[PDB]
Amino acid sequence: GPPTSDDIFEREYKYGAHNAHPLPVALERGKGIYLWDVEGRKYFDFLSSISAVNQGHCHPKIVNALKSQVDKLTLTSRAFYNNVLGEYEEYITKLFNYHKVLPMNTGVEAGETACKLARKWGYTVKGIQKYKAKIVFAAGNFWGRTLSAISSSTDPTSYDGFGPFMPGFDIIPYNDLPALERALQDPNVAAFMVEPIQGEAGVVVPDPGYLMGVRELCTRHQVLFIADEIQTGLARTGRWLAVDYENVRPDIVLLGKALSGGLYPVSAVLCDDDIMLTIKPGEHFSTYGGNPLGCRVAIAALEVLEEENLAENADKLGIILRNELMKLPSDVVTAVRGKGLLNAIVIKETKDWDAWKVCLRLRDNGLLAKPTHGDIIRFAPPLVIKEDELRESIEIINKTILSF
């Protein structure tokens, strides 16, 4: 017969690095909100690959765009032009209303690019002395696992044993305007990079007015506001960008994950000419960045979000999810939080009972989720989920939680 789930776990243990920490389920097929394991068991996906399959697994519009282009041309590198990139660039810049886009592959690559842009703008436009430029980050931040990314992390698991660390990165508390105002007194700060909602920190939602205050302070002190929307963007929270909730325009926007609906690693840095054009020809590139195959899948992925009105559906259904979760006993679920379909519960963890064990039983009962911490479980289904499917999922969540 074919490999069992245990066969699959065992082979990876033998031949693969032990760098990940997966929930033990072994998936072989996905469609829409559903995943199937190698034994044929069916599950509601409530993780969406960390919000990278907002459009559902294997969306036929995005699949078709990939299959069509793969027969024509997949990669020239940046040594030559391809015919598709410009069409994607015009589309995405007009959608989000920035002059320009710089295409990258992974989320961390887009963050690296934003730091370089901020620094280069800092030195060549603002006039900071080389090499004294600072970038300010919020505690709890996550933007990937390069050496530079972990240098700004407050999570010991990401940075311990991996230094020495990149200089010029400062850390302040999240959701803390007085602290930003204090940090921005230093003329050498070029940018503040921040998530509108912190995903990996446990879906930490800042108070109303935070984002307007950040925009105000950054403008006041001539500092770039970089909004990392790699997890929160693209209809996930109920808008094109989570910053749309307070109608503020960051200087640089980062996109990734669901930019391709899961079909291809595509990320993007959006900003106006006065920031973008600080990087000159030859000063920054990658092999796969802007390749025609990725661009065709990103165009289709973005069109799906628009056409199916997934932002509106995420807004409507998320409030149902939160309100239903809030009905669970307080001696069990101590907090419910989120926006749109990016949500989390906090459980009253004991020594015998934690998020991991809850998630294992969830899995056994046909729903896949994963903790961010011993007491925090993230809930993020694909945005194509219908209300009846959500309520079926809610029933599974209730039954599971109350069975301990």
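Each residue number is its position in the shown sequence, starting from 1.
*Read off the CA B-factors in the entry, average them over 280-288 and over 177-185, and name the higher stretch.*
The stretch with the larger average C-alpha B-factor is 280-288.
*According to the deposited model, is the average Cα temperature factor higher in 328-336 or in 158-166?*
Averaged over C-alpha atoms, the B-factors run higher in 328-336.
*Cα B factor band for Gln129 (lowest, middle or highest third within the chain)*: Highest third of the chain for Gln129's C-alpha B-factor.
_Please place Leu211 in the lowest, middle or highest third of its chain according to the CA B-factor in the PDB entry._
Its C-alpha B-factor, which the entry lists for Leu211, ranks in the highest third among residues of this chain.
*In terms of the chain's CA B-factor thirds, is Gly233 lowest, middle or highest?*
Ranked within chain, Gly233 CA B lands in the lowest tercile.
_Ranking every modelled residue in this chain by its Cα temperature factor as given in the entry, which third contains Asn365?_
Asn365: CA B-factor falls in the middle third of its chain.
*Compare the C-alpha B factor of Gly199 with those of the other modelled residues in its chain, then answer lowest, middle or highest third.*
Highest third of the chain for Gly199's C-alpha B-factor.
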